[PDB]
Amino acid sequence: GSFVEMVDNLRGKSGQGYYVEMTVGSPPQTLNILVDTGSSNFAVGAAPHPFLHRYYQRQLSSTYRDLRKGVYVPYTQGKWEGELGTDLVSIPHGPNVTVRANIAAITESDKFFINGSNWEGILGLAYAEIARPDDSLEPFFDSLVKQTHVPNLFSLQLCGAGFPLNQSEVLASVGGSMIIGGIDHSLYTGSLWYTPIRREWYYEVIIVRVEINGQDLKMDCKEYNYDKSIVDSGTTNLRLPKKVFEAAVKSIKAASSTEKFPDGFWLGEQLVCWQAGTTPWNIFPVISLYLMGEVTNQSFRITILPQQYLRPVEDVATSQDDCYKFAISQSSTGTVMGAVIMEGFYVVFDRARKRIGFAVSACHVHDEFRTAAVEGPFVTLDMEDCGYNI
Ligand SMILES: COC[C@H]1CCCN1C(=O)c1cc(C)cc(C(=O)N[C@@H](Cc2cc(F)cc(F)c2)[C@H](O)[C@H]2C[C@@H](Oc3ccccc3)CN2)c1
């Protein structure tokens, strides 16, 4: 590990998001910020809200600059409205630099802030193409790279605990690492495999094959990327296009048929519980997603375990049972490789070389019999045809 200052700088969990501490303004105002590779706006609460115990106070920053323009961002789930401006921003446990970046001061919001999440803003790390109001509003990472010598790359190690974390614990626990400008070798085991960033807007990739316990889902690969597939730390679940979800659930149910679960479980709505320590991990299948490789007709695969797609939750009766919710759900906007997927790997967002790397995470949850994996190469033909075009 060559970036000790940034290792273990994240906190949080799937379900509420992973966040990093940042400062805005002069003198610096400390705020916890959700790391979101699924959007491109840097926005922070800038007015009182029931779920915030602190917020950005522009009138107290001598370096605040008003851009005199409104901004509105309606995410798939959640939305906010605010006022644009710029100010000096730093990341205490990050590169030792300070940059002037665009900041959306949130004045109104609906289902955006989460009670007890401990974060007060969001850091959209994707590209300008999807920034609101439009691509003229330079994203934070673009500003960072343009104003400093920080390499154009960042990597994320999101660490799920494998069990529920109460309010006290989640605040004291290390949730992972965001290495700005590099790759820390202590955060992963094995080799890093890279898939091309198809287009620079979201971090879009192309899935070329899907397996459930080695069994080919057998769908036209175009379906897997309809209408796109993205790597998104801002979304908890692995979300799959309607038809893929239906096929995947049917196959996962078949593989785990020795136990019957209620429909509410498969809809990702209700939890299932087992006596402490008896979760039957072995009856659930591993899921492999093959991604386009960097070499022609070559692919590699990432394999996750039920320890990744079954999200630990506290029992309603706060009993001693180990409970979980199915963290795979339906999408109408393409595949979303969310947090529960990212928790199994160290993910390298290599913007400079337009590629995303994957390696087995040093902090992924597993058992004595199976582990997550990143393997390759595999001969795969006509992978370009797996990509969707409107
Ligand atoms: C971590 O999970 C935390 C849990 C708690 C509540 C949110 N959440 C989810 O798992 C979840 C579920 C869905 C079906 C959508 C989004 C969603 O829209 N996420 C966005 C970020 C976000 C928004 C919030 F209001 C609250 C958050 F905690 C996180 C991404 O940018 C998504 C949205 C889309 O990209 C867009 C869409 C519109 C504009 C710009 C980008 C693809 N990336 C997030």
# chains A, B, ... in the order shown; residues from 1 in each chain; ligands from 1

call {"tool": "residues_around", "arguments": {"residues": "residue 383 in chain A", "least_positions_apart": "6", "cutoff": "10 Å", "atoms": "only C-alpha atoms", "output": "ChimeraX atom specification"}}
result
/A:206-209,221-222,291-293,296-299

call {"tool": "write_last_selection", "arguments": {"atoms": "C-alpha atoms", "output": "PDB file, in the first residue's frame"}}
result
ATOM      1  CA  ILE A 206     -20.475  -4.031 -21.247  1.00  0.00           C
ATOM      2  CA  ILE A 207     -21.515  -7.364 -19.715  1.00  0.00           C
ATOM      3  CA  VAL A 208     -21.052 -10.212 -22.196  1.00  0.00           C
ATOM      4  CA  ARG A 209     -22.230 -13.280 -20.284  1.00  0.00           C
ATOM      5  CA  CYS A 221     -26.066 -10.459 -24.306  1.00  0.00           C
ATOM      6  CA  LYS A 222     -27.689  -7.231 -25.506  1.00  0.00           C
ATOM      7  CA  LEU A 291     -17.114  -8.208 -18.831  1.00  0.00           C
ATOM      8  CA  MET A 292     -15.509  -7.154 -22.110  1.00  0.00           C
ATOM      9  CA  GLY A 293     -11.729  -7.346 -21.828  1.00  0.00           C
ATOM     10  CA  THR A 296     -10.061  -8.268 -28.797  1.00  0.00           C
ATOM     11  CA  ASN A 297     -12.342 -11.304 -28.356  1.00  0.00           C
ATOM     12  CA  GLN A 298     -11.236 -11.636 -24.745  1.00  0.00           C
ATOM     13  CA  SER A 299     -13.308 -11.316 -21.566  1.00  0.00           C
TER      14      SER A 299
END

call {"tool": "residues_near_ligand", "arguments": {"ligand": "ligand 1", "cutoff": "6 Å", "atoms": "only C-alpha atoms and all ligand atoms", "output": "short mmCIF file (atom, residue, chain, number, x, y, z; two decimals) with C-alpha atoms, in the first residue's frame"}}
result
data_model
loop_
_atom_site.label_atom_id
_atom_site.label_comp_id
_atom_site.auth_asym_id
_atom_site.auth_seq_id
_atom_site.Cartn_x
_atom_site.Cartn_y
_atom_site.Cartn_z
CA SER A 14 -24.82 -0.59 1.85
CA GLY A 15 -28.34 0.63 2.40
CA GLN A 16 -27.17 4.09 3.50
CA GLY A 17 -24.15 4.71 1.30
CA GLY A 38 -23.36 7.13 -10.53
CA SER A 39 -23.81 10.92 -10.85
CA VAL A 73 -31.25 17.02 -9.83
CA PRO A 74 -33.93 14.32 -9.94
CA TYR A 75 -32.14 11.02 -9.30
CA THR A 76 -33.77 7.67 -9.95
CA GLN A 77 -34.69 7.77 -6.30
CA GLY A 78 -34.52 11.08 -4.48
CA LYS A 79 -34.14 14.68 -5.60
CA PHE A 112 -32.61 12.66 -0.65
CA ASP A 232 -22.59 2.84 -9.34
CA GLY A 234 -24.56 5.51 -5.28
CA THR A 235 -26.99 2.59 -5.52
CA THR A 236 -27.19 -0.25 -2.99
CA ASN A 237 -28.48 -3.17 -5.06
#

call {"tool": "residues_around", "arguments": {"residues": "range 155-164 of chain A", "least_positions_apart": "2", "cutoff": "8 Å", "atoms": "only C-alpha atoms", "output": "PyMOL selection string"}}
result
chain A and resi 10+13-14+18+153+166+174-183+187+307+311-314+322+339-340+342-350+361+363-365

call {"tool": "residues_around", "arguments": {"residues": "residue 45 in chain A", "least_positions_apart": "3", "cutoff": "7 Å", "atoms": "only C-alpha atoms", "output": "list in words"}}
result
residues 55, 56, 105, 106, 107, 120 and 121 of chain A

call {"tool": "write_last_selection", "arguments": {"atoms": "N, CA and C atoms", "output": "PDB file, in the first residue's frame"}}
result
ATOM      1  N   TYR A  55     -24.628  21.805   8.076  1.00  0.00           N
ATOM      2  CA  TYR A  55     -24.751  22.097   6.661  1.00  0.00           C
ATOM      3  C   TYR A  55     -23.828  23.240   6.252  1.00  0.00           C
ATOM      4  N   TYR A  56     -23.668  23.400   4.944  1.00  0.00           N
ATOM      5  CA  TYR A  56     -22.818  24.428   4.359  1.00  0.00           C
ATOM      6  C   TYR A  56     -23.438  25.806   4.557  1.00  0.00           C
ATOM      7  N   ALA A 105     -25.547  24.236  -3.633  1.00  0.00           N
ATOM      8  CA  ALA A 105     -25.999  24.446  -2.266  1.00  0.00           C
ATOM      9  C   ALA A 105     -27.462  24.039  -2.200  1.00  0.00           C
ATOM     10  N   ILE A 106     -27.717  22.880  -1.601  1.00  0.00           N
ATOM     11  CA  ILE A 106     -29.071  22.346  -1.499  1.00  0.00           C
ATOM     12  C   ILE A 106     -29.961  23.138  -0.545  1.00  0.00           C
ATOM     13  N   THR A 107     -31.058  23.666  -1.090  1.00  0.00           N
ATOM     14  CA  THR A 107     -32.014  24.463  -0.323  1.00  0.00           C
ATOM     15  C   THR A 107     -33.335  23.731  -0.118  1.00  0.00           C
ATOM     16  N   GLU A 120     -23.984  14.581   4.701  1.00  0.00           N
ATOM     17  CA  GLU A 120     -24.721  15.806   4.427  1.00  0.00           C
ATOM     18  C   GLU A 120     -24.599  16.303   2.998  1.00  0.00           C
ATOM     19  N   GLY A 121     -24.043  15.477   2.125  1.00  0.00           N
ATOM     20  CA  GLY A 121     -23.881  15.897   0.745  1.00  0.00           C
ATOM     21  C   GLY A 121     -23.502  14.719  -0.132  1.00  0.00           C
TER      22      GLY A 121
END

call {"tool": "select_by_dssp", "arguments": {"residues": "range 109-304 of chain A", "states": "alpha helix (DSSP H)", "output": "PyMOL selection string"}}
result
chain A and resi 140-147+167-172+242-255+263-266

call {"tool": "write_last_selection", "arguments": {"atoms": "N, CA and C atoms", "output": "compact mmCIF listing (two decimals), in the first residue's frame"}}
result
# COMPACT_ATOMS: atom_id res chain seq x y z
N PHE A 140 -16.45 17.71 -9.87
CA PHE A 140 -15.36 17.87 -8.92
C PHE A 140 -14.05 17.21 -9.32
N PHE A 141 -14.10 15.97 -9.80
CA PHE A 141 -12.85 15.30 -10.13
C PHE A 141 -12.13 15.95 -11.29
N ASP A 142 -12.89 16.50 -12.24
CA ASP A 142 -12.28 17.18 -13.38
C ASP A 142 -11.54 18.42 -12.89
N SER A 143 -12.15 19.12 -11.94
CA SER A 143 -11.52 20.31 -11.37
C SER A 143 -10.24 19.91 -10.65
N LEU A 144 -10.34 18.86 -9.85
CA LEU A 144 -9.21 18.35 -9.08
C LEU A 144 -8.01 18.07 -9.97
N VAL A 145 -8.25 17.33 -11.04
CA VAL A 145 -7.18 16.97 -11.97
C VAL A 145 -6.61 18.16 -12.74
N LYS A 146 -7.49 19.06 -13.17
CA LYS A 146 -7.05 20.22 -13.93
C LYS A 146 -6.24 21.21 -13.09
N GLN A 147 -6.60 21.35 -11.82
CA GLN A 147 -5.92 22.30 -10.94
C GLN A 147 -4.72 21.77 -10.16
N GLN A 167 -26.18 2.12 15.16
CA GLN A 167 -25.74 3.51 14.98
C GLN A 167 -24.35 3.82 15.53
N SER A 168 -24.06 3.33 16.74
CA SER A 168 -22.75 3.58 17.35
C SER A 168 -21.64 2.92 16.55
N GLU A 169 -21.83 1.64 16.25
CA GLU A 169 -20.85 0.86 15.51
C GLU A 169 -20.55 1.40 14.12
N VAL A 170 -21.58 1.79 13.38
CA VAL A 170 -21.36 2.29 12.03
C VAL A 170 -20.54 3.58 12.03
N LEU A 171 -20.59 4.33 13.13
CA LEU A 171 -19.83 5.57 13.23
C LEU A 171 -18.37 5.32 13.59
N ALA A 172 -18.11 4.21 14.27
CA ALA A 172 -16.75 3.87 14.69
C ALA A 172 -16.05 2.89 13.77
N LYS A 242 -35.47 -5.55 -16.49
CA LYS A 242 -36.63 -6.41 -16.25
C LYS A 242 -36.50 -7.88 -16.67
N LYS A 243 -36.22 -8.13 -17.95
CA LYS A 243 -36.13 -9.51 -18.42
C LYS A 243 -34.96 -10.29 -17.81
N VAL A 244 -33.85 -9.60 -17.56
CA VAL A 244 -32.69 -10.24 -16.97
C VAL A 244 -33.01 -10.58 -15.51
N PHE A 245 -33.65 -9.64 -14.82
CA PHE A 245 -34.03 -9.86 -13.44
C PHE A 245 -34.93 -11.09 -13.33
N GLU A 246 -35.94 -11.16 -14.19
CA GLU A 246 -36.86 -12.29 -14.17
C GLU A 246 -36.13 -13.62 -14.39
N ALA A 247 -35.21 -13.64 -15.34
CA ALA A 247 -34.46 -14.87 -15.63
C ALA A 247 -33.50 -15.21 -14.48
N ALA A 248 -32.83 -14.20 -13.95
CA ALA A 248 -31.89 -14.40 -12.85
C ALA A 248 -32.60 -14.91 -11.60
N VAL A 249 -33.72 -14.30 -11.25
CA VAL A 249 -34.45 -14.73 -10.06
C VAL A 249 -34.93 -16.16 -10.20
N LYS A 250 -35.40 -16.50 -11.40
CA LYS A 250 -35.87 -17.86 -11.64
C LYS A 250 -34.72 -18.85 -11.44
N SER A 251 -33.53 -18.51 -11.95
CA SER A 251 -32.38 -19.40 -11.80
C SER A 251 -31.85 -19.42 -10.36
N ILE A 252 -31.89 -18.28 -9.67
CA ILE A 252 -31.40 -18.27 -8.29
C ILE A 252 -32.38 -19.08 -7.41
N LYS A 253 -33.67 -18.97 -7.69
CA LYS A 253 -34.67 -19.74 -6.94
C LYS A 253 -34.44 -21.24 -7.16
N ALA A 254 -34.17 -21.62 -8.41
CA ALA A 254 -33.93 -23.02 -8.74
C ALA A 254 -32.69 -23.56 -8.01
N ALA A 255 -31.63 -22.77 -7.98
CA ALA A 255 -30.40 -23.19 -7.31
C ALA A 255 -30.57 -23.33 -5.79
N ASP A 263 -42.55 -14.50 -1.59
CA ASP A 263 -42.39 -13.56 -2.69
C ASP A 263 -41.83 -12.22 -2.21
N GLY A 264 -42.21 -11.80 -1.01
CA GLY A 264 -41.71 -10.54 -0.49
C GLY A 264 -40.20 -10.52 -0.39
N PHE A 265 -39.60 -11.69 -0.18
CA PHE A 265 -38.14 -11.77 -0.09
C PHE A 265 -37.51 -11.50 -1.45
N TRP A 266 -38.02 -12.16 -2.48
CA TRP A 266 -37.47 -12.01 -3.82
C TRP A 266 -37.71 -10.63 -4.42

call {"tool": "residues_around", "arguments": {"residues": "range 274-276 of chain A", "least_positions_apart": "6", "cutoff": "10 Å", "atoms": "only C-alpha atoms", "output": "PyMOL selection string"}}
result
chain A and resi 319-324

call {"tool": "write_last_selection", "arguments": {"atoms": "N, CA and C atoms", "output": "PDB file, in the first residue's frame"}}
result
ATOM      1  N   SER A 319     -33.565  -9.546  17.663  1.00  0.00           N
ATOM      2  CA  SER A 319     -33.184 -10.838  18.231  1.00  0.00           C
ATOM      3  C   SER A 319     -31.718 -11.167  17.980  1.00  0.00           C
ATOM      4  N   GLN A 320     -31.365 -12.434  18.176  1.00  0.00           N
ATOM      5  CA  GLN A 320     -29.999 -12.877  17.947  1.00  0.00           C
ATOM      6  C   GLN A 320     -29.905 -13.580  16.599  1.00  0.00           C
ATOM      7  N   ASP A 321     -30.997 -13.557  15.845  1.00  0.00           N
ATOM      8  CA  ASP A 321     -31.010 -14.184  14.527  1.00  0.00           C
ATOM      9  C   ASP A 321     -30.174 -13.361  13.552  1.00  0.00           C
ATOM     10  N   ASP A 322     -29.680 -14.013  12.504  1.00  0.00           N
ATOM     11  CA  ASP A 322     -28.915 -13.336  11.459  1.00  0.00           C
ATOM     12  C   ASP A 322     -29.939 -13.174  10.343  1.00  0.00           C
ATOM     13  N   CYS A 323     -30.212 -11.936   9.960  1.00  0.00           N
ATOM     14  CA  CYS A 323     -31.207 -11.668   8.933  1.00  0.00           C
ATOM     15  C   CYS A 323     -30.656 -10.893   7.749  1.00  0.00           C
ATOM     16  N   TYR A 324     -31.320 -11.039   6.605  1.00  0.00           N
ATOM     17  CA  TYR A 324     -30.900 -10.382   5.372  1.00  0.00           C
ATOM     18  C   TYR A 324     -32.063 -10.054   4.451  1.00  0.00           C
TER      19      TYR A 324
END

call {"tool": "atom_distance", "arguments": {"atom1": "CA of residue 57 in chain A", "atom2": "CA of residue 233 in chain A"}}
result
27.2 Å

call {"tool": "residues_around", "arguments": {"residues": "residue 335 in chain A", "least_positions_apart": "4", "cutoff": "8 Å", "atoms": "only C-alpha atoms", "output": "list in words"}}
result
residues 224, 225, 226, 227, 228, 229, 230, 238, 239, 240, 241 and 331 of chain A

call {"tool": "write_last_selection", "arguments": {"atoms": "N, CA, C and O atoms", "output": "PDB file, in the first residue's frame"}}
result
ATOM      1  N   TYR A 224     -28.469  -7.839 -21.292  1.00  0.00           N
ATOM      2  CA  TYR A 224     -27.701  -7.537 -20.080  1.00  0.00           C
ATOM      3  C   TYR A 224     -27.307  -6.062 -19.969  1.00  0.00           C
ATOM      4  O   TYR A 224     -27.032  -5.556 -18.873  1.00  0.00           O
ATOM      5  N   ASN A 225     -27.266  -5.381 -21.106  1.00  0.00           N
ATOM      6  CA  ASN A 225     -26.872  -3.974 -21.147  1.00  0.00           C
ATOM      7  C   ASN A 225     -27.963  -3.081 -21.729  1.00  0.00           C
ATOM      8  O   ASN A 225     -27.683  -2.054 -22.353  1.00  0.00           O
ATOM      9  N   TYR A 226     -29.209  -3.477 -21.518  1.00  0.00           N
ATOM     10  CA  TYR A 226     -30.349  -2.717 -22.024  1.00  0.00           C
ATOM     11  C   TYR A 226     -30.984  -1.851 -20.930  1.00  0.00           C
ATOM     12  O   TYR A 226     -31.590  -2.394 -20.010  1.00  0.00           O
ATOM     13  N   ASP A 227     -30.872  -0.519 -21.014  1.00  0.00           N
ATOM     14  CA  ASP A 227     -30.275   0.196 -22.145  1.00  0.00           C
ATOM     15  C   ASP A 227     -28.821   0.600 -21.927  1.00  0.00           C
ATOM     16  O   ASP A 227     -28.230   1.287 -22.761  1.00  0.00           O
ATOM     17  N   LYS A 228     -28.259   0.179 -20.799  1.00  0.00           N
ATOM     18  CA  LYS A 228     -26.868   0.454 -20.454  1.00  0.00           C
ATOM     19  C   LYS A 228     -26.537  -0.305 -19.169  1.00  0.00           C
ATOM     20  O   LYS A 228     -27.434  -0.781 -18.483  1.00  0.00           O
ATOM     21  N   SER A 229     -25.250  -0.433 -18.865  1.00  0.00           N
ATOM     22  CA  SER A 229     -24.798  -1.075 -17.633  1.00  0.00           C
ATOM     23  C   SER A 229     -23.785  -0.104 -17.034  1.00  0.00           C
ATOM     24  O   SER A 229     -22.870   0.337 -17.728  1.00  0.00           O
ATOM     25  N   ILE A 230     -23.949   0.236 -15.759  1.00  0.00           N
ATOM     26  CA  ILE A 230     -23.043   1.187 -15.113  1.00  0.00           C
ATOM     27  C   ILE A 230     -22.506   0.700 -13.765  1.00  0.00           C
ATOM     28  O   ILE A 230     -23.113  -0.157 -13.121  1.00  0.00           O
ATOM     29  N   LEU A 238     -27.788  -4.610  -6.825  1.00  0.00           N
ATOM     30  CA  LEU A 238     -27.345  -4.949  -8.158  1.00  0.00           C
ATOM     31  C   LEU A 238     -28.720  -4.843  -8.819  1.00  0.00           C
ATOM     32  O   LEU A 238     -29.636  -5.588  -8.456  1.00  0.00           O
ATOM     33  N   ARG A 239     -28.893  -3.903  -9.741  1.00  0.00           N
ATOM     34  CA  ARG A 239     -30.189  -3.763 -10.398  1.00  0.00           C
ATOM     35  C   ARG A 239     -30.062  -4.291 -11.817  1.00  0.00           C
ATOM     36  O   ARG A 239     -29.094  -3.991 -12.525  1.00  0.00           O
ATOM     37  N   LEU A 240     -31.033  -5.103 -12.219  1.00  0.00           N
ATOM     38  CA  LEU A 240     -31.004  -5.724 -13.537  1.00  0.00           C
ATOM     39  C   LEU A 240     -32.217  -5.394 -14.384  1.00  0.00           C
ATOM     40  O   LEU A 240     -33.328  -5.258 -13.874  1.00  0.00           O
ATOM     41  N   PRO A 241     -32.013  -5.259 -15.702  1.00  0.00           N
ATOM     42  CA  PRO A 241     -33.118  -4.954 -16.616  1.00  0.00           C
ATOM     43  C   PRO A 241     -34.224  -5.982 -16.365  1.00  0.00           C
ATOM     44  O   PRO A 241     -33.943  -7.151 -16.074  1.00  0.00           O
ATOM     45  N   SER A 331     -34.744  -3.166 -12.716  1.00  0.00           N
ATOM     46  CA  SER A 331     -34.448  -1.815 -13.185  1.00  0.00           C
ATOM     47  C   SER A 331     -35.131  -1.572 -14.524  1.00  0.00           C
ATOM     48  O   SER A 331     -35.378  -2.512 -15.284  1.00  0.00           O
TER      49      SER A 331
END

call {"tool": "residues_around", "arguments": {"residues": "residue 4 in chain A", "least_positions_apart": "2", "cutoff": "10 Å", "atoms": "only C-alpha atoms", "output": "list in words"}}
result
residues 1, 2, 6, 7, 8, 9, 93, 94, 177, 179, 184 and 186 of chain A

call {"tool": "write_last_selection", "arguments": {"atoms": "C-alpha atoms", "output": "short mmCIF file (atom, residue, chain, number, x, y, z; two decimals), in the first residue's frame"}}
result
data_model
loop_
_atom_site.label_atom_id
_atom_site.label_comp_id
_atom_site.auth_asym_id
_atom_site.auth_seq_id
_atom_site.Cartn_x
_atom_site.Cartn_y
_atom_site.Cartn_z
CA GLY A 1 0.00 0.00 0.00
CA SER A 2 1.48 3.29 -1.18
CA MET A 6 -6.22 7.60 2.15
CA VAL A 7 -6.60 3.96 3.23
CA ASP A 8 -9.65 3.45 5.49
CA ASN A 9 -10.99 6.98 4.85
CA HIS A 93 -7.84 12.09 4.33
CA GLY A 94 -6.98 12.41 0.67
CA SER A 177 -11.14 3.35 1.10
CA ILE A 179 -7.71 6.30 -3.07
CA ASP A 184 -3.13 0.85 -3.23
CA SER A 186 -2.93 -3.66 0.10
#

call {"tool": "select_by_dssp", "arguments": {"residues": "range 152-373 of chain A", "states": "strand (DSSP E)", "output": "ChimeraX atom specification"}}
result
/A:154-158,176-180,188-196,204-205,207-212,215-216,229-231,238-241,272-274,287-292,298-304,310-313,322-326,328-331,335-337,345-350,355-361,373

call {"tool": "atom_distance", "arguments": {"atom1": "CA of residue 67 in chain A", "atom2": "CA of residue 136 in chain A"}}
result
12.7 Å

call {"tool": "decode", "arguments": {"residues": "range 31-70 of chain A", "atoms": "C-alpha atoms", "output": "mmCIF file, in the first residue's frame"}}
result
data_model
loop_
_atom_site.group_PDB
_atom_site.id
_atom_site.type_symbol
_atom_site.label_atom_id
_atom_site.label_comp_id
_atom_site.auth_asym_id
_atom_site.auth_seq_id
_atom_site.Cartn_x
_atom_site.Cartn_y
_atom_site.Cartn_z
ATOM 1 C CA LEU A 31 -19.026 17.718 6.025
ATOM 2 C CA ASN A 32 -19.455 14.008 5.328
ATOM 3 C CA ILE A 33 -20.042 13.319 1.663
ATOM 4 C CA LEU A 34 -21.587 10.304 -0.054
ATOM 5 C CA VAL A 35 -19.285 8.842 -2.716
ATOM 6 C CA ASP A 36 -21.349 8.419 -5.892
ATOM 7 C CA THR A 37 -19.817 7.104 -9.103
ATOM 8 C CA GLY A 38 -23.357 7.133 -10.525
ATOM 9 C CA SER A 39 -23.809 10.919 -10.849
ATOM 10 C CA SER A 40 -21.708 14.000 -11.568
ATOM 11 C CA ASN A 41 -22.777 16.835 -9.268
ATOM 12 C CA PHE A 42 -21.076 17.824 -6.025
ATOM 13 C CA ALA A 43 -23.908 19.029 -3.789
ATOM 14 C CA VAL A 44 -24.234 19.708 -0.088
ATOM 15 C CA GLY A 45 -27.036 20.574 2.299
ATOM 16 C CA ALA A 46 -26.968 24.359 2.658
ATOM 17 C CA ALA A 47 -30.094 24.909 4.741
ATOM 18 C CA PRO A 48 -31.715 23.309 7.820
ATOM 19 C CA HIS A 49 -33.272 19.875 7.348
ATOM 20 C CA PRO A 50 -34.637 17.406 9.953
ATOM 21 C CA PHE A 51 -32.049 14.785 9.003
ATOM 22 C CA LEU A 52 -29.010 17.092 9.007
ATOM 23 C CA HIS A 53 -27.125 18.216 12.117
ATOM 24 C CA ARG A 54 -24.841 20.468 10.077
ATOM 25 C CA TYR A 55 -24.751 22.097 6.661
ATOM 26 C CA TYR A 56 -22.818 24.428 4.359
ATOM 27 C CA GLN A 57 -23.123 28.056 5.454
ATOM 28 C CA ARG A 58 -22.063 30.163 2.494
ATOM 29 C CA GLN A 59 -22.246 33.453 4.415
ATOM 30 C CA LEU A 60 -19.420 32.194 6.655
ATOM 31 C CA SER A 61 -17.026 31.409 3.807
ATOM 32 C CA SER A 62 -14.815 34.241 2.606
ATOM 33 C CA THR A 63 -14.021 32.283 -0.561
ATOM 34 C CA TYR A 64 -17.617 31.539 -1.522
ATOM 35 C CA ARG A 65 -18.610 32.732 -5.014
ATOM 36 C CA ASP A 66 -22.240 32.947 -6.155
ATOM 37 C CA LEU A 67 -22.880 31.706 -9.703
ATOM 38 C CA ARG A 68 -26.410 33.181 -9.612
ATOM 39 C CA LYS A 69 -28.046 30.112 -11.124
ATOM 40 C CA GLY A 70 -30.386 27.412 -9.872
#
